[PDB]
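Throughout, read-outs are computed from the coordinates displayed, never taken from laboratory work. In this analysis, Cβ positions are derived from the backbone assuming ideal geometry, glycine residues included, and neighbour counts consider all displayed protein chains.
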């Protein structure tokens, strides 16, 4: 129905496929399985990417 | 100057490399201990990826700093 997560710390993408998240933000959960341990997949302002060691907590 | 090298697995490693040191050298050091090849090593600092041809002084990396090591990027 709806599964999102809140960003607890700032993260800046280093690659074009990477996502950038600030504190007090809203990350949409796409797939907790990215093939890399500690990395989840979410969608942000038109761009999709992963974050290091879970920078988002499923609020919904 | 000591430095922390974190990993997605939660493994933090200590390394000794002054500011003048080059990023390429740093990767070589990590490879000496952890065995991981520099070709797969990804160093993240301040939200930017460290350039092999640059030095710790370029990114203003001081002692007791934390460097995120990304290994095998299956995601994106």
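List of remarks:
- One residue stands out in region B:29-50 among those that are exposed (fewer than 13 other Cβ atoms within 10 Å of the Cβ) and more than 23 Å from residue A:39 (Cα to Cα): the one that is farthest from the other protein chains (Cβ to nearest Cβ), namely B:32.
- Selection count where residues are over 8 Å from the mean Cα position of the chain (by Cα) and more than 17 Å from residue A:8 (Cβ to Cβ), scope region A:33-47: 8
- Subset tally (residues that are within 14 Å of chain A (Cβ to nearest Cβ) and at positive phi) for region B:53-75: 1
- Matching residues, region A:30-46, being touching a strand residue (DSSP E or B) at 6+ places or on another chain (Cβ under 6 Å) and more than 7 Å from every other protein chain (Cβ to nearest Cβ): A:30, A:31, A:32, A:42, A:43
- Of all residues in region A:10-60, those satisfying the criterion of being in a strand (DSSP E or B) and under 13 Å from residue B:68 (Cβ atoms) are A:11, A:39, A:50, A:51, A:52.
- Condition broken by residue B:73, with the remaining ones in (1) within 23 Å of residue A:31 (Cα to Cα); (2) exposed (fewer than 15 other Cβ atoms within 10 Å of the Cβ) satisfied: (2)
- Consider region B:51-70 and keep the residues that are farther than 18 Å from residue A:53 by Cβ and touching a helix residue (DSSP H, G or I) at 6+ places or on another chain (Cβ under 9 Å). The one that is surrounded by the most Cβ atoms within 10 Å (Cβ to Cβ) is B:56.
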